[PDB]
């Protein structure tokens, strides 16, 4: 349904709410949890960046946003999680989405730690396909129809046909609305189709690591090397 907030996983919303309810809550402890959730991460960043309107460099990590807007503000984002009624889109594999998203973020953080700010690349990774969550949330029944029929490139075309947008473009407009740095958005768009170029490549790697962790290939072995990584980094990235 339109104007419905992106949802958070149940257990995770429970943790975040309880944590925040305490008066002895820390920013580090709140950030650790929040940053595993695309929805909350997106609301906070929009909250921290939108007011600025471009008057300064944007935050691109939760911890950075917490310290900017203050911990009492962020408690409140936690305190209302309850309201967001782990979603009605029947065909959408929410758990898979949440796992893949987190693994991609962890991977991309590792990758850039040895090659752009890791904490921020973590965030881009996490949110790199948030347009899927948004479709499932705005139009559950319609999106189910789509997911049940198509997949991959057909899916994008079917989404375009049914919603006058796709999940890749949604991701990008959301990230732009949330004040993400232009370079991240370009990198993402680039990666959505085989400097900005380097990062786009690390993102696709991260996505690929993610794909495989939720399931050592030839090309992926070479992708590792295109990024200047090589081993055993690539292995470490596939083992917890």
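Numbering follows the first chain given and starts at 1.
In the deposited sequence, the stretch from residue 194 to residue 195 hides 4 to 9 residues that have no coordinates. Gap between residue 157 and residue 158: none; every deposited residue in this span has coordinates. Per the PDB record, of the two stretches 22-30 and 174-182, 22-30 carries the greater mean B-factor over its C-alpha atoms.
The stretch with the higher mean CA B factor, choosing between 11-19 and 226-234, is 226-234.
When the C-alpha B factors of 99, 123, 112, 144 are read from the deposited coordinates, the top value falls at 112. When the modelled residues of the chain are ordered by their C-alpha B factor, residue 66 lands in the lowest third. In the PDB entry, a CA B factor belonging to the lowest third of its chain's modelled residues is recorded for residue 42. Looking at the C-alpha B-factors along this chain, the one for residue 72 belongs to the lowest third. Per the deposited record, the Cα B-factor of residue 3 falls in the lowest third when ranked against the other modelled residues of its chain. Residue 53 sits in the highest third of its chain by CA B factor, as recorded in the PDB entry.
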